[PDB]
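**Student:** quick one: experimental structure and sequence below.
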Amino acid sequence: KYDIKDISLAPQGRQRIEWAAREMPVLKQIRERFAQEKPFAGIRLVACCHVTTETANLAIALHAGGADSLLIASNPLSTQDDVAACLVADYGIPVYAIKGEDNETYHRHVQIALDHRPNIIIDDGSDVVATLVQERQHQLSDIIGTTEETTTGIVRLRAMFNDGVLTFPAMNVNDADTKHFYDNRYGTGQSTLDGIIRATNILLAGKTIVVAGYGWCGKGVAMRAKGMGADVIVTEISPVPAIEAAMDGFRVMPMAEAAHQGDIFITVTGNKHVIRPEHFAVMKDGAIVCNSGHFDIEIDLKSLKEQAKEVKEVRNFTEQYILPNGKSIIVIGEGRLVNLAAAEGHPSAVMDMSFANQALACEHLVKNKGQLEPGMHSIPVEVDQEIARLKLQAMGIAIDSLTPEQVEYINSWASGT
Amino acid sequence: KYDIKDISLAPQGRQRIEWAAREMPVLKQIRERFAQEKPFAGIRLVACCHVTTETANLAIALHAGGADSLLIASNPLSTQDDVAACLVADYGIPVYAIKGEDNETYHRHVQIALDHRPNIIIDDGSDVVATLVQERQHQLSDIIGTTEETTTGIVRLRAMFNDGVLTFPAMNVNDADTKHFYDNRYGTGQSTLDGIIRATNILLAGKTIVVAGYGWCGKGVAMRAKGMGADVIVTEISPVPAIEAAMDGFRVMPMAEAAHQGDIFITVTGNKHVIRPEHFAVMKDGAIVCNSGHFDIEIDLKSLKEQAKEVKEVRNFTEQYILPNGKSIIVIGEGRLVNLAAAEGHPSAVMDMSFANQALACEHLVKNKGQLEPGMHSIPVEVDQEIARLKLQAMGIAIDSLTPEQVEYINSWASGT
Amino acid sequence: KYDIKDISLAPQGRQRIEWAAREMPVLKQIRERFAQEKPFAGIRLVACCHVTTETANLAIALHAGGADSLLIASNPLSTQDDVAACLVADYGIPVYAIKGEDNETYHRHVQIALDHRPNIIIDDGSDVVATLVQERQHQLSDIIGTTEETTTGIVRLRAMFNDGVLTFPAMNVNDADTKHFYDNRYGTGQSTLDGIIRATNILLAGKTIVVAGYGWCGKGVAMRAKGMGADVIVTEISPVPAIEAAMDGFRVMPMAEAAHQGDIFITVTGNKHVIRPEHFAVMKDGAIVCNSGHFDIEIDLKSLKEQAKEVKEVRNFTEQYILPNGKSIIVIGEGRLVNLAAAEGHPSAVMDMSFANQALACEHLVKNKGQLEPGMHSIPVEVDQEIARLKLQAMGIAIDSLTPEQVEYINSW
Amino acid sequence: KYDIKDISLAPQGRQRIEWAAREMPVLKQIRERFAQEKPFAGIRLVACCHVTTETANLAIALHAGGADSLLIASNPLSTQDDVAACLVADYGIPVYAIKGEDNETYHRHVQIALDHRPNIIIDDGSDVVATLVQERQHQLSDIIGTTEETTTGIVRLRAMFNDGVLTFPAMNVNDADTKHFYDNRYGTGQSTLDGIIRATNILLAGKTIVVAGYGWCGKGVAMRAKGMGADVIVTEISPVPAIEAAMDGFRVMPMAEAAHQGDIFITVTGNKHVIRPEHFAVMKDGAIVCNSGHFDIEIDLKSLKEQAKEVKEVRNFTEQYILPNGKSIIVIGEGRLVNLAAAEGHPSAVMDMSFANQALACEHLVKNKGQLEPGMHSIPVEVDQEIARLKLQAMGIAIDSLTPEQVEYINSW
Ligand SMILES: NC(=O)c1ccc[n+]([C@@H]2O[C@H](COP(=O)([O-])OP(=O)(O)OC[C@H]3O[C@@H](n4cnc5c(N)ncnc54)[C@H](O)[C@@H]3O)[C@@H](O)[C@H]2O)c1
Ligand SMILES: NC(=O)c1ccc[n+]([C@@H]2O[C@H](COP(=O)([O-])OP(=O)(O)OC[C@H]3O[C@@H](n4cnc5c(N)ncnc54)[C@H](O)[C@@H]3O)[C@@H](O)[C@H]2O)c1
Ligand SMILES: NC(=O)c1ccc[n+]([C@@H]2O[C@H](COP(=O)([O-])OP(=O)(O)OC[C@H]3O[C@@H](n4cnc5c(N)ncnc54)[C@H](O)[C@@H]3O)[C@@H](O)[C@H]2O)c1
Ligand SMILES: NC(=O)c1ccc[n+]([C@@H]2O[C@H](COP(=O)([O-])OP(=O)(O)OC[C@H]3O[C@@H](n4cnc5c(N)ncnc54)[C@H](O)[C@@H]3O)[C@@H](O)[C@H]2O)c1
Ligand SMILES: Nc1ncnc2c1ncn2[C@@H]1O[C@H](CO)[C@@H](O)[C@H]1O
Ligand SMILES: Nc1ncnc2c1ncn2[C@@H]1O[C@H](CO)[C@@H](O)[C@H]1O
Ligand SMILES: Nc1ncnc2c1ncn2[C@@H]1O[C@H](CO)[C@@H](O)[C@H]1O
Ligand SMILES: Nc1ncnc2c1ncn2[C@@H]1O[C@H](CO)[C@@H](O)[C@H]1O
Ligand SMILES: [Cl-]
Ligand SMILES: [Cl-]
Ligand SMILES: [Cl-]
Ligand SMILES: [Cl-]
Ligand SMILES: [Rb+]
Ligand SMILES: [Rb+]
Ligand SMILES: [Rb+]
Ligand SMILES: [Rb+]
Ligand SMILES: [Rb+]
Ligand SMILES: [Rb+]
Ligand SMILES: [Rb+]
Ligand SMILES: [Rb+]
Ligand SMILES: [Rb+]
Ligand SMILES: [Rb+]
């Protein structure tokens, strides 16, 4: 009925879940309304998320709303075993997630999740939805809709749409303003460095840190690396973010040129093989590589393993690969999302807004069942904006409002001298 | 045939125009192609722009393209008289612009510009287009299309559209990525502080600087104020930018609360009466107010003039208003765009991209004459992106490109474990 | 002969210790020379330090020099049990330090250390040196010199001197340029935020963080707090650093004013009761307080415990005090050094320079026995400067040198 | 008796001078007391300063104190002609300074100044003091004391001392905390970028800016360059500041390596020929070079003029040197202090503290006549500290003070 490491961890999990809730007031307000209105009565739901204290708070909100949920891990290394135990023991929510599970177990958990015959699927990376569409065409009648948490998953869903197989509504949670403006940027910025520091306790100041990608995540990682005293190099494939990085004070160059200069490399591109053997070959002795994109394939670790003569664990979450010429490359978190693998992921303050979008996106799918076209849907503007209003209020920040006279001016095109 | 301060200033103007061109290579490339292809042969054009060295380089590019142009000032205080002289004397381009001209002269220049019967109108603030639509309905057959440089003008054009009177194509230059991502942000950031410093030589470090608005301009002004050692307060009307400002490290509060704390106030909202008598009344003795939004109406200077018992000029571009209770309020640039009134406006590096958009937007209007719907048009993505590619190249910055294998991964929705 | 938690944790300690050595290249060379020259032959030593991977690497250097060393914890919560086990087990260095040891056990270890009859005492807070002066006047015959690692220890030594009881050479390690320009500033800046984040995983961006003190540590904490997106308030008692903080972009104000605004309070003053009952009473519901200065007494936790009707642990290293009106005050690390209590302390890069100073200051005391005047002695400038040169080289950074004509120009007027 | 450009510019000078006074509150109070006590009664004085609105406010303070003052320019390009006219016309203070005066005229003014037989000399670069020692040995009978405003002047005085010719009291104004912690750092940081921008209106964001020297000025310039979006490289000759720059996030390297990367070079070293012919030869086409340290000799412009086949003025304060291969080198301010040559120098806020030091250092020299030992004397700590207190108060910032028990805790060990 579940598959977890150790249910005796539930008390620790409960404590950390309650602490996380302190900065998730928006989701708390949503949970209390769900508790009354039960939008998910009779709905079966699968969530493929990072099994964290923040995901637990989302699961509790969906549970209050009546959802018959089943949670599986989005990544083998991000699972928090105490959280899994608490969800099973305290809430009776089936969880199939073991920190460190092998790929066979991960894939079996996806099969178990699809056997739940979900009506709603919350995905983080689109693994489950892709598996649904590829292997479970006979189940598609169950689907009211799905949601997608992260940028990599949105890219996959776009490919599904262009391939003609996205035959149901999918909510683009990642691209909501109150999601990727804060989660992807400020959350990833802090928690990526957190993971690197918990793994290595390395001094960031004075180090050359290479950030691959200058999108929402790259901007955050570079900003916080800079804030911690690092010399920051940015790599890119598109000129607009490249000019931005330069005018933000960072050096921009091709990865081949960055490869011999970086002390720490951090990939946040969403793309495959951004760091390759031709790069490993020129890296400093002891260069550190890690990834905060969704999938570890941003770094060609398979080639690194094949080239290296020895690999050994030298600290928690930290492996030293020794190359035939004696130089070493350090890898954190086995190349998996370093903030979640070596630390705890984003602080709950930003996950409050991301998972408020998840909850209200699920509600949107059910309230509009039978009225949404197949394909990708953006979060409604009014929902996006109300999440922002509520979060600003809960942060204790007050701002101004337009007067009628100011509205009159906006609408009066004739005036201006 | 023109109306300028002093044509003997042309040699100084020529020198400053040539210097500005050094960081406008993208526009230079466009000018050389226009010189060959003459896209504006037989076209009459009016430009209502800030009469700066950067605008002169745009005017020279349009002139090379065959445009029969006429230039008027977008603001009485932004005109550079040496630039006006050089355009008339060296290029024979009619200019109607005198730094410090009164409102009657400004309005007469708009009338002269409309009497040119332009086919294309480049506007900065939409004064000329609004006057065209309100007073010159009988001329609309001349119009191939117009362009708009700034955010205030886009807002006016939206009101014209909603009012049913935008009956021709208008290119939204401001909202091109290569325009407001750099011009509005990094350009305004540097040149606003430049104007304040040229006006007052005040030490920015240790001062509390209140930035009204956290859009593209507000982000830039806050970023550079912070970079110069100021304590930064941000005011807003919308929660998304408000949360952003907080997570960027700034204090966010209503203007009423900021009013008693700020040493320098900078308005960049695009809206009317953001600083009002109720704010003046609680400001520190010697508080400085200035505006970098397009129109000075962001500050209620009319009420300040009526309240004050004395006003006197205390330094270039700097007025001291003494209130009946003896406290003083300092105003820079008479509330007109402070970067252009008290300094030289944006550096040419960013105007290279803004005015490349202007030139290519004008070309777009002519090449597509008879095929564009009335209403607002965005800059085509391929044009926007090519400007970015060329600017990055001219900045000497190299970046990466996706491999076929990386493209295959983007398109393969099934893979990911 | 040792008092540790679990000797079976030694492999993990050695793992983390060698990892830490990777960015201790300067101390490596000093230890390499020590094993060749054995400065500390027949010299017994006590170290009262934080029991960390970096302190271990220092102890390994003194051992390499022939030192007969004994290590005790400087703070019951900073001790790393795997490091204590590795030292006892892989090097034969007696360690008396157990993470979370009570007050009795702490001073029982200080009594064991002085029963070692140390010739050299390395101190971090002036705790053992102050006990030696107080209770072991008969043992002063054995002291060649002592060293002090922290600002608070330097302040107490100055009072010992002014009191007329600093009757031996004391090396001011903290005030060496290569120590507190970097350790106190860059080290404390990063590792203090590290401790807060490991304790709470709180988002720092958008929070108001109040930093009490703008000395070396305060500058570092404020700089990194700001770098992580916080609105930073600085409190002070001296005008020069107060003006600096304002010109660095921070809001300077009295603590009574900061108390109603701060989301997180960090004390780095070296002084007693900087956060007081009258501040708790006006703090925001859920305000976090922690200390990175000395001991814990920077926060008046005794008064907080009296104002509060309930206290509970709510996360690792994190206590929630609930006041009668229902508002809470969060305390991290029981008011002890938050970087060492909730995390691992400074990265080894900065401790490389701090502990190279320690190792050479110990070398100085020994090589100048019976030649040192009583009182405090600063690190020699050449030593301080050589550490910087070695570190800069180890970091792979090259700089310029004056040409003969540039020298000739400095001399003419 | 005066040598200025145009006495009719005086109203504009007085306008700008009083504006500058608004953020010179500390100097205001000192001048207020001076007019009451007249410390400089019967005392003749020379000032060799930059002829700015802030220097004017200093001269007005010495005049208020009874000073018989004469002012000459410290740099032919820093002189503000309207300020010179206002001083002559509104206060009767002889000024010998003309913006853009040639070399002959400069030293003709230095000869006029010493013919004033000054009892006090305020110097900015040690120019007049070095001429007094060289040529006016007979006038040393008149010297009560002198003062020096800049690091370069301090270095030359040290050589005068070591040479055995500093036979009078010299006040080290530059090294007072309230002077170079702020003026040299925050003042130079802003006003150097101000000069570059007024000269060129170049976008600083996205440029690589090379800062030669990481002392007080270099830290300030690098900090603000970075704040304005530049990629900052720092060069150095000393390891301690080099490590600081790296830990502050800047790229540290030899100038030979920086020369091929920099878009803008800023020298703040105090030393000769820091940018040399072998650097010009590898610079990017259009690289900008300027100096904010001393004199101009930090950049080897003599060699540049020889490498170049042509030079032309291309904007105010801006020259383009074109080399035989067609590449250009841009020089701002003819290599003179770019903040003062192309802009207005430091804002008066920082000069408030620098010139309060000057005014009180002059008070010190006079009130201790015949009591000062020959050589350099630092600003008394109480004076330095009182300036900070007054400034902090004037800025509207309040801070804390220790309670009696907190004091009692500092003293116990
Ligand atoms: N670890 C976390 O907690 C977390 C949180 C949010 C998102 N993410 C992941 O981070 C990744 C990036 O997300 P985002 O929102 O920043 O995406 P984004 O689309 O906003 O930006 C990605 C950027 O990377 C650039 N890029 C692409 N390929 C590149 C290459 N080969 N080299 C250099 N730059 C390249 C793109 O041009 C773009 O600017 C995704 O995989 C996303 O799922 C992780
Ligand atoms: N001076 C320059 O050289 C220059 C350059 C570009 C744009 N501009 C002008 O700057 C202004 C702002 O442009 P932008 O591109 O940043 O626009 P924007 O739409 O990106 O942002 C404006 C911001 O102001 C906020 N705002 C609106 N009314 C407000 C109020 N009453 N109080 C506080 N915040 C308020 C909005 O919520 C928004 O976030 C416009 O007038 C534009 O034309 C000036
Ligand atoms: N946690 C760590 O790892 C670590 C490392 C090094 C030092 N420290 C400790 O941190 C403390 C500070 O060290 P430092 O080097 O910054 O000292 P410092 O002497 O350089 O600076 C202390 C500053 O605090 C100010 N101050 C004193 N009392 C104050 C009060 N009541 N309110 C506000 N400001 C006050 C002083 O004016 C001074 O500017 C010391 O106890 C030192 O031992 C901790
Ligand atoms: N422009 C202004 O308004 C202004 C104001 C104050 C001081 N200054 C001048 O600026 C200069 C620097 O003053 P400061 O207070 O920063 O001095 P400082 O002594 O504090 O720092 C100078 C730094 O330059 C470094 N240095 C010396 N020679 C070098 C070289 N060849 N290459 C690289 N680095 C080198 C030194 O190691 C030192 O760290 C002096 O000439 C001073 O008079 C100018
Ligand atoms: N603390 C966390 N809890 C749950 N999901 C997280 C956490 N941190 C990051 N994520 C999510 O994981 C996604 C990447 O797989 C990001 O889009 C982000 O929303
Ligand atoms: N240097 C300049 N030359 C011409 N136009 C400018 C300059 N600086 C700012 N502007 C423009 O003025 C507009 C505001 O009226 C901005 O959108 C910007 O594009
Ligand atoms: N990782 C660490 N190992 C040992 N001592 C440390 C560590 N981090 C900080 N310290 C020291 O602890 C002292 C504070 O008590 C500081 O002087 C500092 O040098
Ligand atoms: N505005 C100014 N007025 C007078 N002196 C100045 C000004 N700006 C900088 N200086 C001084 O010039 C010296 C550099 O020669 C510095 O010591 C600094 O104090
Ligand atoms: Cl709700
Ligand atoms: Cl082209
Ligand atoms: Cl050695
Ligand atoms: Cl006084
Ligand atoms: Rb995990
Ligand atoms: Rb292998
Ligand atoms: Rb309007
Ligand atoms: Rb102008
Ligand atoms: Rb009036
Ligand atoms: Rb894929
Ligand atoms: Rb610990
Ligand atoms: Rb000299
Ligand atoms: Rb000047
Ligand atoms: Rb004490």
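**Tutor:** That came in fine, so what should we check first? Numbers count the residues shown, from 1 in each chain, chains lettered A, B, ... in the order given. Ligands and ions are numbered 1, 2, ... in the order given.
**Student:** please count neighbours and contacts with C-alpha atoms only from this point.
**Tutor:** Fine.
**Student:** and the helices in the stretch 101-250 of chain A?
**Tutor:** For the stretch 101-250 of chain A, the helices defined by DSSP state H, counting those that start in this stretch occupy A:103-115, A:127-135, A:151-162, A:177-179, A:188-200, A:216-227, A:239-247.
**Student:** surely residue A:288 touches residue A:330?
**Tutor:** Yes - counting by C-alpha atoms under 8 Å, residue A:288 does reach residue A:330; the two are 4.5 Å apart.
**Student:** and residue A:39, which of the helices of the stretch 101-250 of chain A is closest to it?
**Tutor:** Closest to residue A:39 of the helices of the stretch 101-250 of chain A is helix A:103-115 (C-alpha to C-alpha; 21.3 Å).
**Student:** may I have the beta-bridge partners of residue A:46?
**Tutor:** In this entry, residue A:46 is beta-bridged to residue A:70, residue A:121, by DSSP bridges.
**Student:** and the residue of the stretch 301-417 of chain A nearest ligand 19?
**Tutor:** The minimum distance from the stretch 301-417 of chain A to ligand 19, using C-alpha to the ion, falls at residue A:316 (14.8 Å).
**Student:** burial of the closest residue to residue A:179 other than its chain neighbours, as a residue count?
**Tutor:** Ranked by C-alpha to C-alpha, 6 or more residues apart in numbering or on different chains and with sequence neighbours excluded, the top spatial neighbour of residue A:179 is residue A:354, at 4.8 Å. Neighbour count for residue A:354, taken as other C-alpha atoms under 10 Å in any protein chain shown: 29.
**Student:** do the one 3 residues further on as well
**Tutor:** For residue A:357, the tally of surrounding residues (other C-alpha under 10 Å) stands at 30.
**Student:** tell me the gap between the helix or strand hosting it and the middle of its chain.
**Tutor:** Assigned by DSSP states H and E, residue A:357 belongs to helix A:348-367. Between the centre of helix A:348-367 and the centre of its chain there are 14 Å (C-alpha atoms, centre = their mean, to the nearest Å).
**Student:** by contact count, what packs against it?
**Tutor:** helix A:25-37, helix A:53-64, strand A:145-148, helix A:177-179, helix A:381-394 (3 or more C-alpha pairs under 8 Å, 6 or more residues apart in numbering or on different chains; DSSP states H and E).
**Student:** turn those into a markdown table, including distance to residue A:259 and mean neighbour count.
**Tutor:** Below are the helices and strands packed on helix A:348-367 laid out as a markdown table (distance: least, C-alpha to C-alpha, whole Å; neighbours: other C-alpha atoms under 10 Å in any protein chain shown):
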| stretch | distance to residue A:259 | mean neighbour count |
| --- | --- | --- |
| helix A:25-37 | 42 | 18 |
| helix A:53-64 | 36 | 25 |
| strand A:145-148 | 33 | 28 |
| helix A:177-179 | 32 | 26 |
| helix A:381-394 | 40 | 18 |
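**Student:** format those as CSV; extra columns: distance to ligand 21.
**Tutor:** What follows is the helices and strands packed on helix A:348-367, written out as CSV (distance: least, C-alpha to the ion, whole Å):
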stretch, distance to ligand 21
helix A:25-37, 56
helix A:53-64, 59
strand A:145-148, 60
helix A:177-179, 48
helix A:381-394, 47
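**Student:** and residue A:142, how far is that from ligand 5?
**Tutor:** Computed as C-alpha to the nearest ligand atom, to the nearest Å, the residue A:142 to ligand 5 distance reads 25 Å.
**Student:** for the residue positioned nearest the centre of chain A, what are its contacts?
**Tutor:** Nearest to the mean C-alpha position of chain A, counting by C-alpha atoms, centre = their mean, stands residue A:150 at 5.3 Å. Applying C-alpha atoms under 8 Å, 6 or more residues apart in numbering or on different chains to residue A:150 gives the contacts A:124-125, A:173-174, A:294.
**Student:** got a winner among those residues for most neighbours?
**Tutor:** Neighbour counts for the contacts of residue A:150, by other C-alpha under 10 Å, peak at residue A:173, which reaches 31 neighbours.
**Student:** and chain A, what are its domains?
**Tutor:** What curated CATH domains lists as the domains of chain A is A:1-185+A:346-397, A:186-345.
**Student:** most tightly surrounded among the ones you listed?
**Tutor:** domain A:186-345 (a mean of 23; mean count of other C-alpha atoms under 10 Å in any protein chain shown).
**Student:** establish whether that domain and ligand 18 are in contact.
**Tutor:** No - using C-alpha under 5 Å from the ion, domain A:186-345 stays clear of ligand 18, coming no nearer than 8.2 Å.
**Student:** got the end-to-end distance for that domain?
**Tutor:** 12 Å (C-alpha to C-alpha, to the nearest Å).
**Student:** so is that domain next to ligand 7?
**Tutor:** No - contact of domain A:186-345 with ligand 7 is not found when judged by C-alpha under 6 Å from any ligand atom; the minimum separation is 9.2 Å.
**Student:** so how far is that domain off the chain centroid?
**Tutor:** 17 Å.
**Student:** pull the most distant pair out of the contacts of residue A:150.
**Tutor:** It's A:173 and A:294 that sit farthest apart of these, by C-alpha to C-alpha, at 15.2 Å.
**Student:** enumerate the residues of the stretch 201-350 of chain A near ligand 13.
**Tutor:** Applying C-alpha under 5 Å from the ion, we find that the stretch 201-350 of chain A lies next to ligand 13 at residue A:341.
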